2 protein chains.
Amino acid sequence: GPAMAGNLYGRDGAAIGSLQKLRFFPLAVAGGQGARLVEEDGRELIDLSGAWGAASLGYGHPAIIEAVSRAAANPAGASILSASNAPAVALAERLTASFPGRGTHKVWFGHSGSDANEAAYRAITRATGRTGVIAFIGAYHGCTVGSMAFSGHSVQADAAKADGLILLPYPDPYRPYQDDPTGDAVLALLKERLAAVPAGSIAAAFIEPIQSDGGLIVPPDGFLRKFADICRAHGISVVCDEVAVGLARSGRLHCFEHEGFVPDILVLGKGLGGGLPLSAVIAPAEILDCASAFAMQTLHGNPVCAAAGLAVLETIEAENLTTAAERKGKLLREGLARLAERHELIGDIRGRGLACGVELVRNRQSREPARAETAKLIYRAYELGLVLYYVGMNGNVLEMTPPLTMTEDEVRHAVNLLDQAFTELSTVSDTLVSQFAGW
Amino acid sequence: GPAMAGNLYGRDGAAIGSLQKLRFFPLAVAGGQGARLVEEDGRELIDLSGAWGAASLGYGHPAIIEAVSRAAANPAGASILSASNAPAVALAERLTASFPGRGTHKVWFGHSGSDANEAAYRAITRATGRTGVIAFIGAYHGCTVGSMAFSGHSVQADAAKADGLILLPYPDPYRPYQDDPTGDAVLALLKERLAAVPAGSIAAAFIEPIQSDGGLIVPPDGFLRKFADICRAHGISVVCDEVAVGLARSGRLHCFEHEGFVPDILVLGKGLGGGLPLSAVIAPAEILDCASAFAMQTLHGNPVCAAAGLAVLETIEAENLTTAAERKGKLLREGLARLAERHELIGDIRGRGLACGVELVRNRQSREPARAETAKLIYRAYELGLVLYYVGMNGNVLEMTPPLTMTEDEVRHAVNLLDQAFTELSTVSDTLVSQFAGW
Ligand SMILES: Cc1ncc(COP(=O)(O)O)c(/C=N\[C@@H]2CCCCNC2=O)c1O
Ligand SMILES: Cc1ncc(COP(=O)(O)O)c(/C=N\[C@@H]2CCCCNC2=O)c1O
């Protein structure tokens with residue numbers, strides 16, 4: 001009753017509406033250091049989710065502290081709309097320099113992935129005068145009217161969709177569409193769907209190079225390249241959404257580096273900001289210059305957020321985090337393989353760098369999803385002092401996206417906590433887990 | 001050529017797409033202190049726009065520095081979605097405590113005004129299962145697909161509009177609809193429009209208590225109260241958008257305090273964040289609890305942004321800024337009245353606190369808007385070291401929304417720079433002003 005209602009979690013219930021909440025257990029945070037969160041009572045936890053990938057440098061990283069304090073004390077105004085400002089320009093410069101399109105592309109800045117996907121779509125349709133768009137079932141591209149319009153994930157399933165939207169199955173090696181582990185069946189479908197619409201009616205294609213919230217799915221080898229070829233054959237812009245899986249997390253700087261294509265447009269978000277809201281679209285000049293005063297919010301490109309972004313990119317260099325994500329990802333995936341030797345629930349282990357997914361199944365032959373078991377597992381992890389969540393259209397993929405700065409010892413220890421969670425998930429009752437709405 | 005292209009402004013052109021730009025002159029900022037901006041070359045300017053109202057506490061205010069550094073060094077994670085966090089909860093607590101609905105309302109957090117208006121609409125329609133909405137011509141409620149749907153300003157004029165949207169004329173004492181300075185003609189229209197739709201089909205009404213970008217219009221006395229009565233008679237939720245004109249700027253904490261009604265929903269933004277992206281919807285519980293995992297972005301309610309918000313509210317108390325905005329607004333408006341004795345171009349002076357508008361006309365009898373003259377005026381102000389912009393559906397209202405911390409001497413000096421701009425606006429050529437796209 002009153003003590004529980006009076007604590008930070010119970011206060012959260014009383015003050016903050018459930019509209020934006022995605023809660024699985026009563027995590028109630030008052031501080032953070034490194035890869036640790038600190039609850040109101042002082043209890044420490046290891047954040048395997050790394051705030052869903054946003055805490056790219058963990059919590060209280062010196063580079064973020066310095067850049068944000070400096071920017072606070074001497075800000076170049078508060079916006080990029082009606083002034084140029086030094087940090088946003090230098091950020092935009094560094095991002096386009098990182099991209100193979102350095103010679104032909106510019107940047108738009110936003111507050112979130114949703115903002116950024118929304119802008120890219122609006123810009124392509126504006127530039128092009130066409131409405132049609134290809135995206136994937138399971139694809140999470142935002143939670144705003146404009147971004148949910150071409151999303152395919154459960155969260156957006158009730159949302160109004162874009163005129164000319166074609167949603168395709170994302171090819172899952174673990175559950176392959178039409179039993180084809182190559183994904184060519186999806187490409188054949190695409191072509192067939194394209195033959196049924198007017199020539200040149202599709203302007204855009206959205207893809208995640210790993211589908212994150214749809215269930216950490218690394219698509220079959222060659223699939224994305226061949227997908228991009230088709231798009232290019234029809235003059236369709238390829239937009240790569242690397243809001244979850246970009247900027248060093250995959251063990252390459254840009255996830256598309258694993259996949260033998262370069263996108264026309266690259267979308268970035270979450271960890272770009274290091275804990276502050278920051279997003280960007282890197283796209284051909286003629287796309288982002290087709291209009292002005294068109295996709296704008298007052299605080300877009302504010303210097304504190306832009307300084308945080310520069311800090312993240314600078315730290316990716318200084319601490320060699322692209323290599324560190326590769327190295328620690330391998331370690332993490334190896335620890336998980338050892339868990340699979342002990343716990344039959346583990347049906348699959350997948351991912352690249354520190355974007356890792358573990359799929360849980362009731363039987364390894366049937367692959368029946370283990371939804372109830374997954375929900376309790378993460379609850380028991382939280383009790384044990386490990387934060388991670390589940391994703392996927394079946395509620396049954398554990399997601400791991402820790403800060404790129406997480407140490408090797410922390411990885412080892414997260415795997416051991418995970419091991420104990422597997423051993424103990426049914427100590428969590430149905431009634432307890434039922435209290436949290438989840439997805 | 002190359003020197004100009006190499007400077008901060010020319011670099012802005014090369015790196016950042018025009019999509020989000022709203023440029024009137026080549027302002028190119030590298031720092032900021034108090035109510036001053038500092039350009040790349042070191043030239044200082046007084047920021048009368050206060051970054052469009054976002055720089056509520058000016059630049060480098062000690063309270064914002066401290067709160068943002070503290071939060072950076074020890075963040076309570078990075079989000080409110082899958083954890084409660086201490087700064088967001090305390091912010092939400094303080095905001096609901098400020099509102100007359102303290103007993104019945106909760107908070108949603110967003111990144112921008114657009115985000116926040118979008119959420120409120122989606123929440124009302126979700127709670128209610130109705131789509132219809134009332135808003136005003138000239139009303140700027142956002143620049144995202146979901147917020148432009150019930151906006152009425154030029155920026156959103158091409159955007160897809162909400163099914164059941166009714167757009168009304170906003171009653172302008174200076175140009176009154178149907179020659180009725182009371183606004184009752186607008187209310188009569190509303191009722192007539194409402195008689196033509198099915199009973200209970202309209203869920204929401206959006207209003208700015210002063211219309212800001214539609215031309216700093218303070219509506220006639222009693223109009224908003226009577227408008228709210230009608231809405232209430234039809235069970236329609238009144239959403240008050242105080243993203244531009246809220247939190248002390250009007251000389252009361254909440255602008256609706258001037259207008260004899262309490263809204264059902266209050267929307268806040270811009271200056272709430274003090275230079276960081278922050279917004280909030282304060283709305284009845286049953287509206288914000290009608291769903292979960294519904295209107296969510298990863299970095300919503302991040303602690304750095306929430307700490308900045310707490311700093312702003314705390315500074316509004318410590319420095320008594322509600323009174324300071326009233327006092328300095330009066331001063332500003334008096335200086336402007338003296339300008340009107342010298343410059344026939346000044347047709348009207350209006351506003352409340354430090355939300356002030358000056359309407360420029362070719363002739364005071366005709367009230368013909370002076371669009372070209374306004375564009376040059378602000379260009380000449382920029383040259384002289386004063387930043388302010390124009391708004392309004394006729395391009396002819398100078399807007400003044402300086403930091404609430406701007407000193408009385410700075411006000412006096414801004415008025416003198418303004419005086420010289422009026423005296424010298426035609427020193428600016430057509431060719432020079434033409435280089436900037438504006439709205
Ligand atoms: C009354 C009112 N409500 C909502 C908004 C939207 O806020 P965001 O730009 O933070 O999305 C605005 C925002 N901005 C306009 C337009 C472009 C930037 C300059 N200032 C504005 O007031 C507003 O004035
Ligand atoms: C691939 C991909 N693209 C776009 C987004 C949208 O980003 P925002 O939540 O910052 O608007 C997401 C964002 N977020 C989901 C869903 C709710 C919060 C947790 N993590 C996600 O990845 C994403 O994963």
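Quick note: numbers below take in every heavy atom, side chains included, and nothing from hydrogens, waters or symmetry partners. Reminder, nothing fancy here: chain letters follow the sequence lines and each chain counts from 1.
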Closest non-hydrogen atom pair, [X] against [Y]:
X	Y	value
B:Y140	B:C143	OH-CB, 3.5 Å
B:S79	B:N85	O-ND2, 3.4 Å
B:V133	B:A162	CG1-CB, 3.9 Å
B:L278	B:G309	CD2-CA, 3.6 Å
B:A71	B:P303	CB-O, 3.9 Å
A:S212	A:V391	O-CG2, 3.6 Å

Using the ring centroid of each side chain, check whether [X] and [Y] are separated by less than 6.0 Å.
X	Y	answer
A:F150	A:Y121	yes
A:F109	A:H300	no
A:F24	A:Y390	yes
A:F436	A:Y382	no

task = Start with the C-alpha distance between B:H254 and B:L247, add both sets of side-chain angles, then the distance that settles side chain to side chain contact (heavy atoms under 4.5 Å, CB included), and finish with yes or no.
result = CA-CA 6 Å; B:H254 297 303; B:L247 289 172; 4.3 Å; yes
message = Is it true that, when you exclude B:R252 itself, more than 12 heavy atoms of the residues, nucleotides or ligands shown sit nearer than 6.0 Å to its CZ?
response =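 Atom CZ in B:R252 is not packed in, count stays at 12 or less.
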inquiry  = If you count every heavy atom of other residues, nucleotides or ligands that lies below 6.0 Å from A:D158 atom CG, does the total exceed 12?
reply    =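 Not buried by this count: 12 neighbours or fewer within 6.0 Å.
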Hey, does the side chain of [X] reach the backbone of [Y] with a donor-acceptor pair shorter than 3.5 angstrom?
X	Y	value
B:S147	B:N117	no
A:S151	A:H141	yes
B:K270	A:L299	no
A:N394	A:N396	no
A:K161	A:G152	no
B:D229	B:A233	no
A:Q435	A:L432	no
A:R11	B:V89	no
B:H258	B:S250	yes
B:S201	B:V197	no

query = side chain to side chain contact (heavy atoms under 4.5 Å, CB included) between B:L313 and B:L91: does it pass, once the steps are laid out?
reply = CA-CA 9 Å; B:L313 296 180; B:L91 179 52; 3.8 Å; yes
pair [X]-[Y]: side-chain heavy atoms closer than 4.5 Å:
X	Y	result
A:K376	A:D430	yes
A:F25	A:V387	yes
B:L268	B:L95	yes
A:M400	A:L216	no
B:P277	A:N302	yes
B:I207	B:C240	yes
B:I202	B:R130	no
B:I80	A:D12	yes

ask   = Does a salt bridge link B:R225 with B:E259, judged by any charged N lying under 4.0 Å from a carboxylate O?
value =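 Answer for the salt bridge query: no.
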Under a 3.5 Å cutoff, is there a donor and acceptor pairing between the side chains of [X] and [Y]?
X	Y	result
A:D115	A:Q297	yes
B:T144	B:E118	yes
A:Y389	A:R23	no
B:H111	B:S279	no
B:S82	A:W52	yes

If you measure from [atom1] on [X] to [atom2] on [Y], what distance do you get to the nearest 0.5 Å?
X	Y	atom1	atom2	value
B:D241	B:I210	CG	CD1	11.5 Å
A:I217	A:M393	CD1	CE	9.0 Å
A:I378	A:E399	CD1	CD	10.5 Å
A:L360	A:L398	CG	CG	4.5 Å
B:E208	B:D213	CD	CG	7.0 Å
B:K106	A:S18	NZ	OG	7.0 Å

query = Can B:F256 and B:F99 be said to form a ring-ring contact (aromatic ring centres under 6.0 Å, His included), step by step?
reply = CA-CA 11 Å; B:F256 64 80; B:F99 194 69; 5.7 Å; yes
query = Given the rule in the side chain to side chain contact (heavy atoms under 4.5 Å, CB included) test, do A:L168 and A:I137 qualify, once you have shown the distances and angles that lead to the verdict?
reply = CA-CA 6 Å; A:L168 298 165; A:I137 298 292; over 6 Å; no
message = Does A:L377 form a side chain to side chain contact (heavy atoms under 4.5 Å, CB included) with A:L388? I'd like the steps, not just the answer.
response = CA-CA 10 Å; A:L377 181 23; A:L388 81 162; over 6 Å; no
message = Assess the residue pair B:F136 and B:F227 against the criterion (ring-ring contact (aromatic ring centres under 6.0 Å, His included)); give the C-alpha distance rounded to whole Å, side-chain angles, the decisive distance to 0.1 Å, and a yes or no.
response = CA-CA 12 Å; B:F136 283 91; B:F227 178 87; 5.5 Å; yes
